[PDB]
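Below: the structure, in structure tokens.
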Amino acid sequence: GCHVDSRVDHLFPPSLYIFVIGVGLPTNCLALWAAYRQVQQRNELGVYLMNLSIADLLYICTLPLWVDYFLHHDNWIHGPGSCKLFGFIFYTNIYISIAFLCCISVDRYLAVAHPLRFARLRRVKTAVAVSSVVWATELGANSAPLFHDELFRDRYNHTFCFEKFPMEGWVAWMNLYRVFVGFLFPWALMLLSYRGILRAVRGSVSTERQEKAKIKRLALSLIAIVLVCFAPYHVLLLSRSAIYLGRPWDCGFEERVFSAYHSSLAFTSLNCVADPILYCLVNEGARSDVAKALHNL
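According to the authors' numbering, the sequence shown holds residues 8 to 304 in order.
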């Protein structure tokens, strides 16, 4: 028993998702190939980039069903079953991607800020082990929606998928975990790792001032894109959880920010477009590899 009249919940999310699919699929495939090249050269950073590309590819694969759901004004009719699987993928790959971004940041921090050390933690085998642990933890930690009902039809025409208004207590605590452990904690680790990388780079003499400025701009760009993409949705999620725990029966806030909520959820999908650009297509080596792969293709 809550409204929704996101009058722009049928124009912005579907068009943005169409653009995301169309641009990400080639860029993400090329990024996956470049990460495969990096793994071939015994570089562990290719493992984390490869896993990030895999997660983004799964997100883009599940996206068109959400485009059809949004085009029917929040009506998902595929089944009880595809709702659960595809919504789980859709709502979990954001956190898998942020976990692997934090893994990339910490790996770069170990390589740059602490060279000549931690060579054991800088192998492909340990990268694969860390990736497996990250995957298992993220799927296990985000497994609560799999064990509950995934599809709810309200009094009105539209039927939701993984959402419900008013929301539930268990999903409230789940959202608190996602905001504070799923997103805020890995983002804090990314910020600390890139701050350490910047300090170490400023402590170096081989790199010129222009290269240091370029590195600082790239790191700030990574942090800022992650925050801009993932901040509105998580802030609205935390707000919804806070008012639901505070007074459940006063859904005047659910109707007040329903359109902004779905708009922010759609905006979060731009991270799987930014990642191939920010991790493969901005540096010369990966762009050259992608180039060799396309000309040979």
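Beta carbons: idealized from backbone N, C-alpha and C, even for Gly.
Around the C-beta of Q217, are 16 or more other C-beta atoms found within 10 angstroms, so that it is buried, or is it exposed?
-> exposed
Contact under 9 Å by Cβ, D75 with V11 = no
Residue ranges of each alpha helix (DSSP H) within the stretch 91-150, 4 or longer = 131-148
For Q45, collect the residues of the same chain with a Cβ closer than 7 Å to its Cβ; drop the 5 residues on either side in sequence, then sort them by chain order.
-> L52, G53 and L56
Since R160 sits in a beta bridge, which residues does DSSP pair it with?
-> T166
Cβ-Cβ distance between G189 and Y102 below 9 Å | yes
Return the Cβ separation of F172 and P152 in integer angstroms, given the expectation that the two are a contact with Cβ distance under 8 Å.
-> Actually they do not touch by this definition, with Cβ atoms about 16 Å apart.
With a cut-off of 8 Å on the beta carbons, I'd call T99 and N35 a contact; round off their distance for me.
-> Going by Cβ atoms, the distance from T99 to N35 rounds to 17 Å, so no, they are not a contact pair.
Three-pair Cβ contact test at 8 Å for the stretch 253-261 versus the stretch 172-184 = yes
For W256, the three-state DSSP class (helix, strand or coil) = Correct three-state label for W256: coil.
Which residue's Cα is closest to the Cα of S89: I105, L108, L78 and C68?
-> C68
Beta-carbon contacts of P283 that lie in its chain and below 6 Å, excluding the five residues immediately before and after | Closer than 6 Å at Cβ, skipping near neighbours: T34, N35 and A38.
Helix, strand or coil at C36 [DSSP, three-state] | helix
Per DSSP, what kind of secondary structure is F274 in: helix, strand or coil?
-> helix
State the Cα-Cα distance for the pair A298 and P20, rounded to the nearest angstrom.
-> 32 Å
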